[PDB]
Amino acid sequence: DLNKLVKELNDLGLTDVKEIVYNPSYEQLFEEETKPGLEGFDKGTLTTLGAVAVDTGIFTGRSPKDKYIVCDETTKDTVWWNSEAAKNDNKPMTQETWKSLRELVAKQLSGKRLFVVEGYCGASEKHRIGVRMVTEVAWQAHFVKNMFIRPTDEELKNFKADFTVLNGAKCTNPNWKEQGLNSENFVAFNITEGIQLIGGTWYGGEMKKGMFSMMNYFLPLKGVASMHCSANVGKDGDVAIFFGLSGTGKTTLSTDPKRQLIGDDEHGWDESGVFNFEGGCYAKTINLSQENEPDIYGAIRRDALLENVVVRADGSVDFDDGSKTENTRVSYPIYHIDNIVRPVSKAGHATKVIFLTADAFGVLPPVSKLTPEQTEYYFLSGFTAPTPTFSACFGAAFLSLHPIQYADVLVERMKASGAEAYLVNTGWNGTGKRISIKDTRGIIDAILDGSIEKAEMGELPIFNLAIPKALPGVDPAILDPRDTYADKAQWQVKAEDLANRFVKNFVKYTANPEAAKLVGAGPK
């Protein structure tokens, strides 16, 4: 089977291929990462935790300015290209420049020992993409073994590489200026050929988010939702999905001993149900505490891969040290976490969709039940905060299609399963402080158990949001945010301000005529 592999690599441009370490075991990868003689960023370091640690150099996070998608007959009219109307990272690359870069990476990966790992992006039998990653660095192969779904031996016998990632991190492009690119580095995608090239950056995330961006292209075009969310399932099979930017409490509210975790970051929703795209977790570790983060900490053992953490002379890890970067990370296969769905990360249809937001303006209700149109409007807005952040579809950096396409397919799936969407503000109110964890958990409990659907509803002005008048165990005095203000004028002025920010933010999305129709569902 290696012969067929070498041939396929040869067809991509790689020549003089030496030994290929094909789908190595975790034990083999561990030894490869720590063998004597490794130089540069290839080198893994042994830690007191039994987990290997590596560094990534210059790039310790994604490089959106270096992201490109090839402009061709397939993508011309389908990709949500960057434009003056709405700036984004989908920058067009000519076929000529792509050819030059593919040849450059193929040359970088020629004449040497290679690691090749095959895995699936998507737990769905019908919508998964078979990913093959080729690298000259063992730990990069380990990252892919962790983050994508690990095929069974039977599945590998019939494995089809729908997308190939050629990782040429050691390679940089000195022709960039003349080619009109951003820098000597590049993270490029050719949708027609099914290839992602990585040059110059060693950040692990480029591999994970590259395929996420590709799932975000292929799935919605086939009517399958592609989402940046977490998802869990209850004892009775009830599925809920949670959306929310950093600081909204997504991780905590998605954690429940009574519910199994489907996934924490990337999911699809097809005719059968909700499925994780990934086979592992890529978690932030800065200031990580065993007491504060027991689950993540316990997963950091052999087979986890630490990235950019400070490792002392004795092998101990100083998780509080952000000297290399504040974005320290660790990746690990999902089974390093206990309360998860097994042996495949998927379940049935979602019936509860929760949009979390931390409103620093103290205007939005702790919980609102949205209409279908509002669900699309607030999904496109992706608001959280007072300094506001608006990230379309809670994942602007990975949107290969227009935000409205993700919103439309999400609502179509919701309509088919009778799902309801709720906007939950885990942020502030008239008290000047954030809502209590007791009240937010009570709110999430009422959404999951359906009691919110039995509540009498009122309506908040300006945003025209349906709000419950009472929920089991939740303080009724906070449900209408106006009630937490002694002077309802403070609310009024801040609401008009926040409303204005939503309306101004939305203009750029109106460049798409379908999204333009949603203005009426937004605040007035």
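Residues carry their position along the shown sequence, with the first being 1.
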Extent of unmodelled deposited sequence, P386 relative to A385: 10 or more
Per the entry, higher mean C-alpha B factor between 438-446 and 228-236: 438-446
Comparing 68-76 with 351-359, the one whose average Cα B-factor in the PDB entry is higher: 68-76
Residue with highest C-alpha B-factor in the PDB entry, from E155, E206, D265, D314: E155
Selection by C-alpha B-factor (highest) of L29, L49, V54, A486: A486
Chain-relative CA temperature factor third for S213: lowest
Third of chain Cα B-factors occupied by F148: lowest
Third of chain Cα B-factors occupied by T135: lowest
Third assignment of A515 from its chain's C-alpha B-factors: middle
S289 - Cα temperature factor, lowest/middle/highest third of chain: highest
